[PDB]
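See structure below.
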Number of protein chains: 2
Amino acid sequence: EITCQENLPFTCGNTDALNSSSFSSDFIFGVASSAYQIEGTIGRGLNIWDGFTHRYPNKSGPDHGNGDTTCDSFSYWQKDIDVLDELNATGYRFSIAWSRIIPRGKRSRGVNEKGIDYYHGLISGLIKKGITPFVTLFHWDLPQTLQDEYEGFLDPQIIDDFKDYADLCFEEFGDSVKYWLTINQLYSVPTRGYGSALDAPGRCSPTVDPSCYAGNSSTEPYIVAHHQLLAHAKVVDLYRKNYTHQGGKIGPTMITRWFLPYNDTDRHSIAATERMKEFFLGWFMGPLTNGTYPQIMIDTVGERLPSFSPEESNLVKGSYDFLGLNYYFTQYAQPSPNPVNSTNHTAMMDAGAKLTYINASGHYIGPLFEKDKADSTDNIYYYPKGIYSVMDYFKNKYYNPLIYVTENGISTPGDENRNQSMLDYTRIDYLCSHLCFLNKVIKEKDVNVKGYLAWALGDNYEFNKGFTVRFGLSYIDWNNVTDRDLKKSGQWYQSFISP
Amino acid sequence: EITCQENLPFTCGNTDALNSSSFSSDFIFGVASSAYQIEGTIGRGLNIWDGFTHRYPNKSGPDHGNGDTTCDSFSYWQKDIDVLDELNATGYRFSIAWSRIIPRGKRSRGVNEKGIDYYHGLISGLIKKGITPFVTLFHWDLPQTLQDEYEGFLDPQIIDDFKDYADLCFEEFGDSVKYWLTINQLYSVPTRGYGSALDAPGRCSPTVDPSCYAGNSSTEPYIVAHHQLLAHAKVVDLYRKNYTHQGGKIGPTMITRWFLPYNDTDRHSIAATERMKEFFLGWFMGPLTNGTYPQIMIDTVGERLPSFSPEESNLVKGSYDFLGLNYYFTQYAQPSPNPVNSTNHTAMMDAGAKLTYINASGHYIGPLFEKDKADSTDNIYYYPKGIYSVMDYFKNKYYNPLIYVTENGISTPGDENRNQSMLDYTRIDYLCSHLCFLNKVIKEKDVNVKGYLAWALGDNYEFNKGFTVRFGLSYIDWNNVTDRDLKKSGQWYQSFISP
Ligand SMILES: *[C@@H]1O[C@H](CO)[C@@H](O[C@@H]2O[C@H](CO)[C@@H](O[C@@H]3O[C@H](CO[C@H]4O[C@@H](CO)[C@@H](O)[C@H](O)[C@@H]4O)[C@@H](O)[C@H](O[C@H]4O[C@H](CO)[C@@H](O)[C@H](O)[C@@H]4O)[C@@H]3O[C@@H]3OC[C@@H](O)[C@H](O)[C@H]3O)[C@H](O)[C@H]2NC(C)=O)[C@H](O[C@@H]2O[C@@H](C)[C@@H](O)[C@@H](O)[C@@H]2O)[C@H]1NC(C)=O
Ligand SMILES: *[C@@H]1O[C@H](CO)[C@@H](O[C@@H]2O[C@H](CO)[C@@H](O[C@@H]3O[C@H](CO[C@H]4O[C@@H](CO)[C@@H](O)[C@H](O)[C@@H]4O)[C@@H](O)[C@H](O[C@H]4O[C@H](CO)[C@@H](O)[C@H](O)[C@@H]4O)[C@@H]3O[C@@H]3OC[C@@H](O)[C@H](O)[C@H]3O)[C@H](O)[C@H]2NC(C)=O)[C@H](O[C@@H]2O[C@@H](C)[C@@H](O)[C@@H](O)[C@@H]2O)[C@H]1NC(C)=O
Ligand SMILES: *[C@@H]1O[C@H](CO)[C@@H](O[C@@H]2O[C@H](CO)[C@@H](O[C@@H]3O[C@H](CO)[C@@H](O)[C@H](O)[C@@H]3O[C@@H]3OC[C@@H](O)[C@H](O)[C@H]3O)[C@H](O)[C@H]2NC(C)=O)[C@H](O[C@@H]2O[C@@H](C)[C@@H](O)[C@@H](O)[C@@H]2O)[C@H]1NC(C)=O
Ligand SMILES: *[C@@H]1O[C@H](CO)[C@@H](O[C@@H]2O[C@H](CO)[C@@H](O[C@@H]3O[C@H](CO)[C@@H](O)[C@H](O)[C@@H]3O[C@@H]3OC[C@@H](O)[C@H](O)[C@H]3O)[C@H](O)[C@H]2NC(C)=O)[C@H](O[C@@H]2O[C@@H](C)[C@@H](O)[C@@H](O)[C@@H]2O)[C@H]1NC(C)=O
Ligand SMILES: *[C@@H]1O[C@H](CO)[C@@H](O[C@@H]2O[C@H](CO)[C@@H](O)[C@H](O)[C@H]2NC(C)=O)[C@H](O)[C@H]1NC(C)=O
Ligand SMILES: *[C@@H]1O[C@H](CO)[C@@H](O[C@@H]2O[C@H](CO)[C@@H](O)[C@H](O)[C@H]2NC(C)=O)[C@H](O)[C@H]1NC(C)=O
Ligand SMILES: *[C@@H]1O[C@H](CO)[C@@H](O)[C@H](O)[C@H]1NC(C)=O
Ligand SMILES: *[C@@H]1O[C@H](CO)[C@@H](O)[C@H](O)[C@H]1NC(C)=O
Ligand SMILES: *[C@@H]1O[C@H](CO)[C@@H](O)[C@H](O)[C@H]1NC(C)=O
Ligand SMILES: *[C@@H]1O[C@H](CO)[C@@H](O)[C@H](O)[C@H]1NC(C)=O
Ligand SMILES: *[C@@H]1O[C@H](CO)[C@@H](O)[C@H](O)[C@H]1NC(C)=O
Ligand SMILES: *[C@@H]1O[C@H](CO)[C@@H](O)[C@H](O)[C@H]1NC(C)=O
Ligand SMILES: *[C@@H]1O[C@H](CO)[C@@H](O)[C@H](O)[C@H]1NC(C)=O
Ligand SMILES: *[C@@H]1O[C@H](CO)[C@@H](O)[C@H](O)[C@H]1NC(C)=O
Ligand SMILES: *[C@@H]1O[C@H](CO)[C@@H](O)[C@H](O)[C@H]1NC(C)=O
Ligand SMILES: *[C@@H]1O[C@H](CO)[C@@H](O)[C@H](O)[C@H]1NC(C)=O
Ligand SMILES: *[C@H]1O[C@H](CO)[C@@H](O)[C@H](O)[C@H]1NC(C)=O
Ligand SMILES: *[C@H]1O[C@H](CO)[C@@H](O)[C@H](O)[C@H]1NC(C)=O
Ligand SMILES: O=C1O[C@H]([C@@H](O)CO)C(O)=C1O
Ligand SMILES: O=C1O[C@H]([C@@H](O)CO)C(O)=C1O
Ligand SMILES: *[C@H]1O[C@H](CO)[C@@H](O)[C@H](O)[C@H]1F
Ligand SMILES: *[C@H]1O[C@H](CO)[C@@H](O)[C@H](O)[C@H]1F
Ligand SMILES: [Zn+2]
């Protein structure tokens, strides 16, 4: 019987009690990254994360930081591979920058051969060290030209441009890459990019945020989500029909959270909690498993929810070989009003739930996850058991999928000095406590989880936060980014992998 | 009789001998700037100078500097107006960033009302202090979307997109702005943007520079130059036919140089010198005054030179109310081969001339203008009399135009400390020596020059050089850009203006 801790102090950092041998022998362990966050702009065209961070610098992060140079993995990709080789990692998730291989967005306008060569060399280097690539085609960095031509994922023109981009990736790299991710965290762009305007492209209703250049927070998240599912599904169909000879697998990436009732004896809070599962996970997993949105979304969202045609439903349903599940935290849910006629209505209000980290009796769900210095009542707290709950739920509700955990990690403050930053025991605690629960759910519930990629390989630009927080298992000095030095967490993870 | 100095030391910095009263009473004196160089990216879309500087950082400048934040005239426009008010300037040349008012390039895609408001407030503030705006519609900062859709000025689609942009500017600002410039320095984008790839967008033949993403240095400069003339002319026609009620004037900006023979008794050098006038100035002034390219260009460039249709010739010919002439230096010309079949052929070789600052007997043309630290044999030297020669030539060859000198200035090294940077006596010498010759040519040749705008109002990002050189008459500290402090040159210029 496996027992895992939920509260500090944790004791799972002792590799005598928890290590890679605790898991099946074929289980993949590694780390993850994304292109905007690590490469720099050298050698690529511009994308909407360059656009957004430069047009709205106070949204890029409190330091106004951006991905212009970051850790310079364009130049130092080899040092990334060396970190992985030090860890004895068997997997690495990275993303291809669309703007590096097709700077003009539309494939017919030409490809960047040097960009293609950059990824060829990375892939070859990973394979030579025994590292399996997990490659994200789209980690939010849409070529700016596409957002300016037709507002990107707001328009159905995105589908064929994304399809032609993916086809190029499969043709150039699919002989070596066998695990593809389509769109990173399906929920995020619709809500943050087109609802709250916290992320690129930065669209929203005028009274939500007067700085947005355009938008409608009540309708656009649904339009964008719908086009994401269609573009994803078109790419999966293309892969499965035209690249089956490569013997690979493809899937979407979901951001997952677990939800618990703010008051577990209050039927209204219990109902809000179930609505949150449907509106947060089911918005995408209903279409992916059944070709339809959840009925509660159909009922609440009404005319603002697009319909799939029979052909589209068939394309979307079953459009995955596996799921990349990212998991960071869990929230308590209580009822909240849904003012659909307010000018500041957002799609996020449709779930009729308010989310917190503290329940009605005052219990904080778990240890600190992210301090909010402007507002401490907005701190985020984590919940190790949530990874168990999420995986169990996906097996039970969503037809026993093959899963890879494609992101899991925690930040530390950018104000810490180097010594403090390297002594990242809070990161060991977070990673180990989640890995304990992950092993427990695999053993107890028989969830088909086959790998785990911790967020992040090294310190990088964090969307919305600049360089004010660090997520790496390896440390990068912003005054001289060449080296990636394993932190205590990286050193721990090395021992966990090879105990 | 007016006597002006050509060599150090200069004595024209004494406002007892040379001041604004030396010129006609209506003569306009001020300074100039451009949007990419001073505003920052906040509040605007992305353009090809953001694209080029980020994709090719070592081409942005030796420090990899760019216009991301620069002197922050987005926030500190008022401080610009305060510099002008301190100088008692009567003119200011600035440019409108296309990407600030139409971030999506094509006007039908929507306008940025806040961007429009930014220029409204600047214009209103200048007029309230008695400063006449001279507004450049296009100072090289093409929206990136247009370069990605159709390669910008390489394609004739540019004409209508530029026309619709200009129409928006005339409609919103033309009730207050009475002096418009269309395209800054017509010669520069074709040659540096599409020939040598020193400037955005960075296209050239593969063997000229392997880093270019695409191009053809032998043909594209001519295509781009042709489209620039057509787009310019379409905008002038639009202005003169639809905005005549505003009672303003419009014209192009030329970069001018004078040319002298490397050996003034050698017929081959003399011929190369006359070819340079035609290929450098006549490339654009032939079309602007006669609707045709110079015959030497027709003969040499052959099938690589586009033809104007009769309708186009008529549109281009006479398409100016005045000329904005920029002037910095003069070169000696000697013959050089034109290897049209070489894979590294460039349009610039078609003139059959090699340019230097030293003549065949070893005479340097004038004082130092720009030190080149990698290569001292590549230093640039200036020649005060060249402004006299250029203005005389334009009056004689080009039908006695109305002229405004829209840029004239000199850099100092960015390595100098603040104290050294403020003690910019070499800038007083450069400005005064040119102003002496300008007054002399107006009096002796009766050239219709009606204003002078010195480059630059304040320190800014310099195309190709980052922040490694300074051109301002006012100093900006890059660690805290709010203030613009008049340097010795600014203080001199203040006394010259109000002696
Ligand atoms: C898995 O996908 C399956 C579909 O492949 C989901 O089942 C479909 O569920 C929908 C409800 O979402 C049912 O559709 C209703 O059909 C009524 C019956 O119509 C049929 O007979 C008529 C009935 O009187 C008739 O007019 C119609 O022409 C057919 O003859 C409808 O009236 C319902 O429409 C009303 O409600 C809609 C909101 O639900 C609203 O948008 C419509 O305007 C209308 O007010 C609905 O009809 C649908 O109307 C919209 C139109 O665009 C659709 O094409 C039309 O079908 C389906 O009949 C049912 N299909 C079958 C094959 O079962 C399944 O839903 C789950 O299971 C069903 C049993 C139900 O309990 C759902 O609540 C639950 O979500 C999806 N599973 C999951 C887990 O999501
Ligand atoms: C100011 O603009 C005026 C035009 O508005 C320029 O004058 C034009 O100059 C061109 C030369 O550039 C002369 O065109 C030549 O016409 C010959 C005569 O053709 C007429 O009679 C025929 C002659 O035998 C006949 O086929 C033709 O159909 C007419 O009947 C031509 O053969 C020349 O073409 C050859 O040379 C071209 C290069 O110059 C080459 O590109 C052609 O392939 C061909 O080999 C030329 O014909 C031109 O051919 C190209 C075609 O696209 C043009 O439409 C076609 O005209 C013009 O006759 C002359 N027009 C008039 C109204 O004078 C003027 O040029 C300056 O002045 C003229 C006198 C000449 O000295 C030029 O060298 C000098 O540049 C421009 N001024 C300035 C200062 O640039
Ligand atoms: C977890 O949720 C439960 C279920 O909602 C909370 O228990 C309920 O708390 C209500 C108070 O918020 C109780 O109602 C009140 O009962 C007192 C005694 O009769 C009465 O004077 C009140 O005016 C009030 O009555 C309601 O008034 C509004 C009407 O619309 C409604 O019909 C009335 O019910 C309610 O009885 C109680 N329900 C149960 C099943 O116990 C629970 O609240 C926490 O426990 C209750 C026992 C009470 O001690 C609360 O003070 C305490 O907050 C909530 N838990 C937390 C920690 O918030
Ligand atoms: C300014 O340009 C002028 C005109 O081109 C230069 O003067 C010319 O310089 C040529 C030498 O580069 C002289 O030709 C030479 O004459 C000597 C004496 O006969 C002879 O031995 C040479 O081999 C050579 O002759 C030429 O050989 C090549 C044949 O294709 C050609 O037909 C021959 O002419 C030429 O006479 C002279 N022309 C004139 C009109 O004086 C001038 O060069 C400078 O001055 C000349 C006098 C001489 O002192 C050069 O050393 C000195 O460089 C050049 N000025 C500068 C400063 O470069
Ligand atoms: C968001 O777009 C929706 C749909 O166009 C707008 O909601 C409509 O508002 C129009 C004008 O009131 C109403 O007539 C419709 O009944 C509403 N339609 C539905 C689908 O709700 C909404 O006003 C726009 N919001 C913003 C802030 O512009
Ligand atoms: C530049 O474009 C020109 C015109 O397309 C190319 O020059 C031609 O080269 C083709 C192939 O040799 C020749 O057949 C033509 O005679 C040339 N045409 C003329 C107008 O010169 C040139 O090769 C291209 N340069 C680059 C480097 O691609
Ligand atoms: C690995 O952890 C398991 C418990 O799952 C333990 O039994 C085994 O000894 C550990 N391996 C090492 C080398 O410490
Ligand atoms: C498959 O590739 C072939 C050849 O390029 C193409 O005709 C077909 O439409 C492609 N399709 C998909 C997504 O099935
Ligand atoms: C608008 O929304 C903000 C946040 O959603 C909320 O605090 C405020 O009450 C809302 N106001 C109206 C008029 O609904
Ligand atoms: C930067 O870091 C690299 C690797 O540690 C080091 O070799 C190089 O000398 C450092 N550069 C400077 C300027 O210190
Ligand atoms: C790498 O991991 C493999 C598989 O578990 C192991 O046998 C090998 O010893 C490890 N290497 C190091 C250097 O840890
Ligand atoms: C201005 O310069 C002129 C010479 O052009 C001189 O005569 C006049 O006195 C000067 N004005 C002042 C105020 O110094
Ligand atoms: C003038 O404006 C009118 C009305 O918008 C338009 O019809 C006409 O084509 C414009 N033209 C130019 C450039 O003359
Ligand atoms: C190519 O050009 C460079 C500069 O134009 C020149 O130095 C070199 O000789 C040229 N080579 C050939 C093969 O023409
Ligand atoms: C920056 O310069 C402005 C103007 O001189 C000054 O008022 C402000 O205090 C300075 N900021 C800092 C941080 O020194
Ligand atoms: C401004 O220039 C005008 C015109 O020459 C002059 O009369 C006025 O005194 C000057 N003001 C200052 C403060 O120099
Ligand atoms: C930050 O930026 C936006 C403009 O992009 C501006 O509307 C807003 O006031 C600024 N936010 C704060 C809190 O300063
Ligand atoms: C600078 O950048 C380009 C890539 O953009 C590269 O080809 C070239 O080698 C670099 N230049 C130098 C001298 O390092
Ligand atoms: O739940 C979530 O976790 C991540 C991030 O907030 C973790 O730092 C994210 O993008 C979500 O929507
Ligand atoms: O002659 C020229 O002067 C300027 C610049 O070099 C002055 O710094 C330029 O853009 C030209 O082509
Ligand atoms: C997963 O979350 C990490 C932590 O916030 C982000 O850096 C990744 O880009 C996101 F995909
Ligand atoms: C005129 O030249 C100045 C000096 O190089 C540049 O800064 C301007 O942008 C150019 F238009
Ligand atoms: Zn930048």
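We name chains A, B, ... by the order of the sequence lines, and we start the count at 1 in each one. Heavy-atom basis, side chains included; hydrogens, waters and symmetry copies ignored.
- For the side chain to side chain contact (heavy atoms under 4.5 Å, CB included) criterion with A:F153, the lone passing option out of A:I183, A:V189, A:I159 is A:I183.
- For residues 200-219 of chain A, no pair satisfies ring pair (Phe, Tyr, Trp, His ring centres under 6.0 Å), with sequence neighbours left out.
- For the side chain to side chain contact (heavy atoms under 4.5 Å, CB included) with B:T41, the qualifying choice from B:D50, B:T70, B:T69 is B:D50, the only one to do so.
- Not a single donor-acceptor pair under 3.5 Å links the side chain of A:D161 to the backbone N or O of A:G105.
- Aromatic pair A:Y36/A:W140: centroids not less than 6.0 angstrom apart.
- With chain A as the partner, the residue from B:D68, B:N112, B:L146 showing the most heavy-atom pairs under 4.5 Å is B:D68.
- The aromatic rings of A:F162 and A:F138 stand perpendicular to each other, their planes meeting at an angle above 60°, with 30° marking the opposite boundary.
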Derivation of the side chain to side chain contact (heavy atoms under 4.5 Å, CB included) call for B:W77 and B:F94: CA-CA 11 Å; B:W77 55 275; B:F94 67 90; over 6 Å; no

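- A:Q144 touches chain B through its side chain: at least one heavy atom from C-beta onward sits under 4.5 Å away, while N, CA, C and O do not.
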side-chain hydrogen bond (donor to acceptor under 3.5 Å, both in side chains) between B:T136 and B:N184, intermediate numbers included: CA-CA 7 Å; B:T136 310; B:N184 181 64; 5.6 Å; no

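- Contacts between residues 52-67 of chain B and chain A, defined by a heavy-atom separation under 4.5 Å, are made by B:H54, B:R55, B:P57.
- A:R484 and A:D80 are joined by a salt bridge, as a carboxylate oxygen and a charged side-chain nitrogen come within less than 4.0 angstrom of each other.
- Looking at A:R109, the atoms closer than 4.5 Å to chain B (heavy atoms on both sides) all sit in the side chain, from C-beta outward.
- With a threshold of 4.5 angstrom between heavy atoms, A:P103 approaches chain B through its backbone and through its side chain.
- With a threshold of 4.5 angstrom between heavy atoms, A:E151 approaches chain B through its backbone and through its side chain.
- Proximity to chain B (any heavy atom under 4.5 Å) is restricted, for A:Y150, to the backbone atoms N, CA, C and O.
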